[PDB]
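Coordinate inspection notes
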Amino acid sequence: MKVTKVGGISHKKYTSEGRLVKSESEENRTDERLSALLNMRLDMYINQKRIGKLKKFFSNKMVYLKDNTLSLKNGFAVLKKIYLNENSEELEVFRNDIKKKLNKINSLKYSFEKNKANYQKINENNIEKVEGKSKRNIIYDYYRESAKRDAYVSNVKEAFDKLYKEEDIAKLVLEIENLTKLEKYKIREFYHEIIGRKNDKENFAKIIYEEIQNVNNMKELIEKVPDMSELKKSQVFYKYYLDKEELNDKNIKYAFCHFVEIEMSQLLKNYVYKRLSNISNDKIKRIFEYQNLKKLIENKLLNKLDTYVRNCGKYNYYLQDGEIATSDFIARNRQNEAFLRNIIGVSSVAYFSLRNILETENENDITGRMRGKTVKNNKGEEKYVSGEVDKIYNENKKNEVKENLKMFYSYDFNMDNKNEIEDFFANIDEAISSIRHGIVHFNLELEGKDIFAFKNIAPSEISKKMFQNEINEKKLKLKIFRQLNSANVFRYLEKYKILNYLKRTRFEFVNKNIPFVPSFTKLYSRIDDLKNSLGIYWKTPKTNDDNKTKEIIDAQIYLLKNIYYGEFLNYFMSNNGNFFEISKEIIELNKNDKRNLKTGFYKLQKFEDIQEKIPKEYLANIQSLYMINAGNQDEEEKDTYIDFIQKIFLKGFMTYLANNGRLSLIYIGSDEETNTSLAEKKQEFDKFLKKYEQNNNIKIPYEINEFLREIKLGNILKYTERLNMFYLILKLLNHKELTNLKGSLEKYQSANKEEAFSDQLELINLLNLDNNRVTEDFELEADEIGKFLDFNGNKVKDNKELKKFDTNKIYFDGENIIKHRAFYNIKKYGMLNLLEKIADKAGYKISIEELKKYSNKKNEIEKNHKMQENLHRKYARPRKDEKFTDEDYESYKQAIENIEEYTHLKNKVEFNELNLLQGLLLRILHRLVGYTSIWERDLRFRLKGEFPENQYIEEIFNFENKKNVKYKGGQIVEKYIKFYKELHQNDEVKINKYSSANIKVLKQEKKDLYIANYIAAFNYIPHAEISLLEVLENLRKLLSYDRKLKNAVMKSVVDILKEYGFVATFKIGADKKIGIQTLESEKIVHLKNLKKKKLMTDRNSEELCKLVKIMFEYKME
RNA sequence: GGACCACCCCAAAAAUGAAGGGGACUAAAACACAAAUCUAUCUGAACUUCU
């Protein structure tokens, strides 16, 4: 019986009591909802025809008691009178079950009132510490210090041994294995015999409640009532005497037999009672054996102790004198703390992209250095430091640094200046340290707009000139023009069809601060699916070429996309406009649909009670309902809150596209006699743009300038100085982190209800016209292609041998390079000599006969891909004969087997499997940074929670800093280890665990705490001297303080492997060590109906599937 | 040490059903103008409807 998450209501805890709260207003809804749940649904109260019809009848009928009346509500002998549609003497049968329903509601009503806000900053002897006020947090605050931690473990072991006696558990493990279904009560009623409730309710329940009223002291109650159970005496001390008695070492032991009994009950509710669950039967052996169970419960109370101490440190920076942490505070706090862990992550990628752009052989980072400034010696006071930008000019890498600078920036550098460039790398490195110090100074003052302030940083002569040549209104016109050309618009439209387009649609480049809008891709893809379900009148372009259709749709998307973000979202979100005209329409289109008029079970019924009076506030209510009902649906689904919100922005867009009034975008697209006249138009303009990247200010031809005269822009940033440094960070970022940085700045604005990065998000969108997808005229040294190719068993290195290698000239084709898109990302992040070593171990090479088979099968896919689409059409919509007999089935099987063995073979010689491998290795390493950033935030929280004094702890978590008294030099791990040694100076072996001889094994193997500097600096990527399965091993050792993070390491790695089409079965041995048992590429099922003949056509090739398993296991030497 | 196959919080006279609830409160995800294609689509309830 779910109580919350049903309207907009949710349990939100407050100062005086916890409260059921309708989404926005803080009024009490606890009495309103719990009176509404006080009803007996009459289908409970009961092959598939008589049963299935009666359940639909009595689900409408509810039996409630308002007020002490048995009247029924619309949605045995007394049950049939309702079925024959025909008072109080009859319905008194149900009060036996409604009194059990009433007592559940009164117990839940008291369950919400005690779930109140706990954490309160206090001020005892001039230090600001945070304590809990709840009954449990009084126990955790007693054992808060690290000295009393061993007494906390012993009291759990003492309480566990008084409740569970090694054969009561041993019989209880047997009953969990020896059930399948409907036998839960035998486990349950035996477990109540272990606790002993039958000699508790019947002997002490009514006795002890009288004596609580008299003696008002636990010491006097035990003297008054002797011979209590050790668990019952533990329960009374928790409820009636824990708030108001002082905690001695003798009376602290009463609270632990109740804390252990909760944990054993929570294990039964998850692994026995509810759903069993779907996990295993081998899991149960690991959980419930007595020596494992005694270890697991104390490994779970020590988790709950450490989350308290971590919360007392987290709520010490974020809270004033002065305040109690209500759920309004806590939820806003988490969305600001998740903001910080995304800016720590964006400065770890920006270091990493600055290490590839300036190739360091040491892979050792970065201060201080990257400009030449001398410093005084101990003797003589005369030296010159080793600046890495001056290490260019010793190795003469300036032909290669300028090559790496071109991939990130597209500015024409001149390495002969060499003082202008060393000032440019200073302004990149000072910009990353500026947002690094912003994380520190978002503690004393909660203003996130000042972490991108970039104060006291003057831009270079390059970075000023580079920014103004990417903002001014003439250059943005030649990026709109490049996006129009690259989307094949000039080839599939007439000249006046697009001049009429450019006179109307304006290009902004304004964030508009609207939450939860769908992207237009993922919304264009729904059109042909939803075309019949909604009154759309659209025609997706269909042509018999299927490479022409991909290029018309790529022009169909881009032309409608600038309508969607530019003109549409200003119309569709103004208070004048049709938002609720469409929102009430789609709820009616689902209600008045067929087969929902049969049974009124349409899914959009839970939206009809929402009005909200504003289209912008309506989304913030739907996006609030979405965030509270995430994680309920399994497999998961097309989720309702996103599916409903994609219908509004697609019905409303196609209504905005019909009314006023451009609708010639359908027939783009149609006149084949026109496309002959525009066939070479894309080639003439692309030849111009390659002459534009070689030199900008040449000349603009007349046919170019007729488009550029009409392209209109919304807003220009006008060059403030602090955006100049924020631009240099964003060019050092891939697309996945750049949208995470786009998302985290939007979620900061919607959480704090202010606009603070509206100048920053406007500059992210001026990088949204920069992704070119024909990337990026980089050089392709032909030796570097040929480390993956084997010409007669040897790597092709000579450029003449590459022409000798192939014949069909899908490679070299002199005198040029075919320049595949896969080698862009593998070289920008290179990670190019690494994937040589992985491919050499796995034998992944491009054979001659395997490349020769490519050009044979390439002239056969167009026969196979067309024949697959034709036979699939007989399967989906026959409409004529109700055929697709078995002779069509076997012909469809041989069609998709040939597409499968070609697409696996196309992706190998087009290097798309290396672009998938590089995309997979880097996606894992960008995710594991996000766990070491949680570790850095939760490291200062445990230390500030343990020690509210000792202000030197904050001096650990600084990054230059020149101010520190005790911990001067080093990064976080190098300064934490000397904090750890001077704290445990009397408690070896813990010093010798971090001793200077032990630390060399600890650092080289990247064990317990040196994996944090290893992951966050991306030190895997040049050499990989420790494998991923040992990085993931050492990260779970690092995150062992928090169990929800130690468990979510492997869950986030399996889910990354599942996005790239792999099903991973890891094994974790008896030693803490991870190995892959099996990888399989996930099966694309064809013909999902007909229930017997599926085809399973796996996505990634088996040769790539082996090659990923080597990548996790690859270690240097 | 065994992840994937979470975690935390509140509820013990009557109301021993702790056989219950809660969590944007806490992680994982999801949402976002990168990419990638061979999975009919569309309704629904804990396989079943559709033109």
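Residues numbered from 1 in each chain as written, not as in the entry; some residues may be left out. Chains lettered and ligands numbered in written order. Heavy atoms only, no water. Residues with missing side-chain atoms left out of burial classes, pairs and counts.

Around RNA strand B there are 125 residues in total, and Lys-5, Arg-197, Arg-595, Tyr-626 and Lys-1051 lie nearest to it. Taken together, the sugar and phosphate atoms account for 64% of what RNA strand B places within 4 Å of the protein. Here a phosphate oxygen of RNA strand B and a side-chain polar atom of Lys-647 are 2.9 Å apart. One of the side-chain N or O atoms of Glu-1059 is found 3.5 Å from a phosphate oxygen in RNA strand B. Broken down by element, the residue count for the surface near RNA strand B peaks at 8 residues, all from helix α4 (residues 95-113). Class assignment for the residues of the surface near RNA strand B results in 39 nonpolar, 38 polar and 48 charged. (Near = heavy atom within 4 Å. Polar contact = N/O pair within 3.5 Å; in protein donor to acceptor, adjacent residues only side chain to side chain. Helix = DSSP H or I, 4+ residues; strand = E, 2+ residues; numbered from the N terminus. Nonpolar A, V, L, I, M, F, W, Y, C, P; charged D, E, K, R; others polar.)

Applying the stated criterion to the full structure yields 58 salt bridges. Between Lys-171 and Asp-168 there is a salt bridge whose closest N-O contact spans 3.7 Å. Taken together, the residues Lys-171 and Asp-168, both in helix α7 (residues 168-177) and 3 residues apart, mark about one turn of the helix. The network of salt bridges with common partners includes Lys-795, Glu-836, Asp-840 and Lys-845. (Salt bridge = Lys/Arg side-chain N within 4 Å of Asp/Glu carboxyl O.)

This part covers a nonpolar patch on the surface. A contiguous nonpolar surface patch, about 270 Å² in accessible area, is contributed by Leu-54, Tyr-83 and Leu-84. Relative to the helices and strands, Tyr-83 resides in helix α3 (residues 80-83). The exposure class assigned to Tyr-83 is partly exposed, which follows from its relative accessible area of 37%. (Patch = residues over 30% accessible without salt bridge, like charges linked within 9 Å, V, L, I, M, F, W, Y side chains within 5 Å. Areas by Shrake-Rupley, 256 points an atom, 1.4 Å probe, with all protein chains shown as cover. Buried < 20%, exposed > 50% of the residue type's maximum accessible area, 1.4 Å probe, protein only.)

Counting residues in each nonpolar core, the largest one holds 301 residues, and the members touching the most others are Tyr-409, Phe-425, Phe-649 and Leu-763. Membership of the second largest hydrophobic core comes to 12 residues, among which are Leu-38, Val-63, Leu-79 and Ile-98. (Core = buried A, V, L, I, M, F, W, Y, C linked by side-chain atoms within 4.5 Å.)

Before going further, it helps to spend a moment on the side chain of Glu-737. The residue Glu-737 is located in helix α32 (residues 735-752) in this model. Despite its burial, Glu-737 pairs with no opposite charge, the nearest such side chain being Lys-736 at 6.7 Å. (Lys, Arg positive; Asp, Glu negative; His and termini not counted.)

In space, the 3 strands of this open sheet follow the order β3-β4-β5, with antiparallel pairing throughout. With one partner strand each, in any of the chains shown, β3 (39-41) and β5 (72-73) form the two edges of the open sheet. Pairing geometry for strand β4 (residues 62-64) and β5, over 2 bridges, is antiparallel. Paired with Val-63 across the two strands is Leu-72, which belongs to β5. (Pairing = 2+ DSSP bridges.)

This part takes up the UniProt feature "coiled-coil region" in chain A. When the UniProt feature table is mapped onto this chain numbering, "coiled-coil region" sits at residues 844-910. Overall, residues 844-910 shows 76% helix and 0% strand. The separation of its end C-alpha atoms is 14 Å. (UniProt positions renumbered as here; feature names shortened; annotations may be inferred.)

Let us now look at the pairing of strand β2 (residues 18-21). Residues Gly-18 and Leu-20 of β2 are buried on one face, and the alternating residues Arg-19 and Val-21, pointing to the opposite face, are buried as well. Bridge count between strand β1 (residues 10-13) and β2: 4 bridges; the pairing is antiparallel. Residue pairing in the sheet places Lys-12 in a bridge with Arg-19 of β2. The turn joining β1 and β2, which pair antiparallel and follow one another in sequence, is formed by 4 residues.

Let's shift gears to the side chain of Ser-1027. Tracing the backbone through its elements, the reader meets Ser-1027 in the loop between α44 (1012-1016) and α45 (1028-1038). Filtering out sequence-adjacent residues up to four positions away, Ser-1027 remains in contact with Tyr-1020, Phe-1112, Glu-1113, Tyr-1114 and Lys-1115. (Contact = heavy atoms within 4.5 Å.)

Here the focus is a positive patch on the surface. On the surface, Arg-873, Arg-877, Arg-879 and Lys-880 cluster together into a positively charged patch. Within the secondary structure layout, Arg-877 lies in the loop between α39 (861-876) and α40 (886-909). Residue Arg-877 is classed as exposed on the basis of its relative accessible area of 61%. (Charge placed at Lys NZ, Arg CZ, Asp CG, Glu CD.)

Attention shifts here to helix α18 (residues 398-409). Look at α18: 16 Å from first C-alpha to last across 12 residues, which is about the 16 Å you get at 1.5 Å a residue. Packing partners of the buried residues in α18 comprise α16 (327-356), α17 (392-395), α19 (424-440), α20 (461-468), α31 (721-730) and α36 (822-828). Phi for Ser-410, located one or two positions after α18, is positive at around 55°. (Expected span 1.5 Å × (residues − 1).)

Now for the packing of aromatic side chains. Summed over all chains, the structure comprises 76 aromatic pairs. Both rings, one in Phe-685 and one in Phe-707, keep their centres 6.1 Å apart while their planes meet at 75°; by these two values the pair is edge-to-face. On the criterion of sequence distance, the pair formed by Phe-685 in helix α29 (residues 681-694) and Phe-707 in helix α30 (residues 702-708) is long-range, its members being 22 residues apart. Using a relative accessible area of 4% as the deciding quantity, one classes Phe-685 as buried. Ring plane angle 65° and centroid distance 5.9 Å describe the contact between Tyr-875 and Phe-884, whose orientation is recorded as edge-to-face. Comparing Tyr-875 with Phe-884 shows no difference in burial state: the two are buried. Its end group placed over the ring of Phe-408, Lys-828 keeps NZ or CZ at 5.2 Å from the ring centre. Note that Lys-993 overlies the ring of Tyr-994, its terminal NZ or CZ placed 3.6 Å from the centroid. (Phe/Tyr/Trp six-rings, centres within 6.5 Å; stacked < 30°, edge-to-face > 60°. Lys NZ or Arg CZ within 6 Å of the ring centre and 35° of its normal.)

The next thing to look at is a negative patch on the surface. On the surface, a cluster of negative charge is made up of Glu-447, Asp-450, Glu-754 and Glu-755. When you line up the elements, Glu-755 lands in the loop between α32 and α33 (761-764).

Relative orientation of the contacting elements helix α8 (residues 184-195) and helix α13 (residues 256-273) amounts to 170°, with a least axis distance of 12 Å. Classified by the angle their axes make, α8 and α13 are roughly antiparallel. Together, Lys-184, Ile-187, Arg-188, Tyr-191 and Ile-195 of α8 and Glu-261, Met-264, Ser-265, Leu-268, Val-272 and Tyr-273 of α13 make up the contact between the two elements. (Axes fitted to C-alpha atoms, helices over the stretch in contact; angles between N-to-C directions. Parallel < 35°, antiparallel > 145°, perpendicular 65-115°, else oblique.)

Relative to the helices and strands, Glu-608 resides in the loop between α25 (580-591) and α26 (615-628). Accessibility expressed as a relative area gives 45% for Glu-608, which makes it partly exposed. Spatially, the C-alpha atoms of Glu-608 and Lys-455 are 50 Å apart, while their sequence positions differ by 153 residues. The residues touching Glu-608, leaving out its near neighbours within four places in the chain, are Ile-587 and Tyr-602.

This next bit is on unusual backbone geometry. Where the residue is not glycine, phi is negative for most of them; where a peptide bond is considered, it is trans in most cases. Of note, the amide linkage connecting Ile-668 to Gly-669 takes the cis form, showing an omega dihedral of 15°. Checked against the element boundaries, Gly-669 lands in the loop between α27 (640-658) and α28 (672-677). Following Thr-775, the chain continues to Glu-776 via a peptide bond in cis, the omega torsion being -25°. Even without being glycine, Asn-513 reaches a positive phi, approximately 60°. Structurally, the position occupied by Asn-513 is in the loop between α22 (495-502) and α23 (527-530). Here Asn-513 falls in the partly exposed class, since its relative accessible area comes to 25%. Here the phi dihedral of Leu-780 falls at roughly 55°; this positive angle occurs in a residue that is not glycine. Among the structural elements, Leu-780 can be located in the loop between α33 and α34 (782-785).

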